[PDB]
């Protein structure tokens, strides 16, 4: 079969920043102990991957990006007990090692074995597994799903329902579990709330579904692209507004609308001005503002600490607050039970070879999520 042998397949490699992806043949070494090689069936295009092309998030190049995916277990290394070949699995971009301080706290999820903070670009043992033209190729968040086969650590992989529709379910890998857990787990939206969500992409639009599920009485959706509004309405927004229509700042407009500010505001975009506008617009004495978007490297916000003393809560979180390995299995089971649907978010399905066409649909706001099939 292919077990124990080096595979040679196609993969999209980013050799330089602001350059297109090159689909090239690469060699994928076999799984060492406690690692798993997976065969990718579908991958979503998330904006974090774009942040590396653009140059906003620094990671060592050349690299194979990608992290929102679903596929089948091709082989397991020595010791892997949690999954067997043939199993359907989702690769997780934040490991749940189960043994660190973070993993043992019932409420923390940014495990210490992650590669998000200070990116090495390897797997958890410090070594890479992709070669292309003799050159060693770097990993990304220890998942690198823009390849036909990838090797991930065992604690970064979830085994999900064998009957799962893999080209729907890959969204639970990042975009959806993030969007919805922001509302339900991080901010902890209460029935009757008033919430604002800035940014209506695949992750922003799942924060709307999170608030609706929470029983929020009013969801205001903010975006400069008015074509996203119909979907936001369809998914739960009570109203959608576009900043460019007004002459006064969007935080003043929202305070004027909500009797002095919302109860919960979420920033799902990644830029400084919207994070500030999102703090300023929650109510001064009972609001919580949650940061979900990822900022450009080394950018600072000037905050007036008096903004916090009156009673505000400012906080952020990775992956919607989900412990990755326990969290994702259950969220896929709820999908099966028809507890929530994921169809409205997928607006385009393309073969993996068209990855660049997929990134261009994101750059024009023609797409919410584009799925790439292998």
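Numbering follows the first chain given and starts at 1.
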query	finding
Between 209-217 and 149-157 (mean CA B-factor, as deposited), the higher	209-217
Selected stretch [higher average CA B-factor]: 292-300 or 192-200	292-300
Residue with highest C-alpha B-factor in the PDB entry, from 273, 267, 223, 74	74
Of the residues 54, 313, 48, 341, the one carrying the largest Cα B-factor as recorded	54
Residue 130 by Cα B-factor - lowest, middle or highest third of the modelled chain	highest
Third of chain Cα B-factors occupied by residue 162	highest
Within-chain third of residue 110 by Cα B-factor, per the entry	middle
CA B-factor placement of residue 40, once the chain's modelled residues are sorted into thirds	middle
Position of residue 306 among the chain's modelled residues by C-alpha B-factor, lowest, middle or highest third	middle
